[PDB]
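[1] experimental structure and its sequence below.
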Amino acid sequence: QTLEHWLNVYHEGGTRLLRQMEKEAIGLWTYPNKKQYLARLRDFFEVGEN
DNA sequence: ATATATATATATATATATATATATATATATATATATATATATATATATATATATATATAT
């Protein structure tokens, strides 16, 4: 999964396409707002938000 | 070992603002019908006088 891949996918279609790709592809995650993504970063790197 | 109570995200329901078409209400102008009035002539009825036909009486 790469940034160019994401840009090409987006050029094909909007958010819904990326959400479908999320189901299709393994080892990938997306979040429509920054809070859940930051929670994912926290639980991945095992560090308090500060 | 089982669902339960919670957060997240999605989808739908509800409200606001504006554009557009239609309905309701009011007022004016026009046409139709009715009513009266005017004006004229006709038609009807009644009064008086005249002339005709009919009915009744006397003589023939």
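    It's in. Numbering: from 1, shown residues only, chains lettered A, B, ... in the order given.
[2] helices of chain A, start to end?
    A:3-12, A:15-24, A:34-45 (DSSP state H).
[3] what about the closest residue to DNA strand B within chain A, how many residues nearby?
    Of all residues in chain A, residue A:36 sits closest to DNA strand B, at 3.7 Å by C-beta to the nearest atom of the strand. The C-beta positions use only the backbone N, C-alpha and C, and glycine is treated the same way. Here the number of neighbours of residue A:36 (other C-beta atoms under 10 Å) works out to 12.
[4] residue A:6 now?
    14.
[5] so it touches residue A:17, yeah?
    No. Counting by C-beta atoms under 8 Å, residue A:6 stays clear of residue A:17, with 10.3 Å between them.
[6] mind listing what the residue most central in space within chain A touches?
    Centroid-nearest residue in chain A: residue A:30, 2.5 Å away (criterion: C-alpha atoms, centre = their mean). Shown in contact with residue A:30 (C-beta atoms under 8 Å, 6 or more residues apart in numbering): A:18-19, A:22.
[7] list the contacts of residue A:9.
    Contacts of residue A:9 (C-beta under 8 Å, 6+ apart): A:17-18, A:21.
[8] same deal with residue A:25?
    Residue A:25 neighbours (C-beta under 8 Å, 6+ apart): residue A:1.
[9] and it, how far is that from residue A:45?
    To residue A:45, residue A:25 is 22 Å away according to C-beta to C-beta, to the nearest Å.
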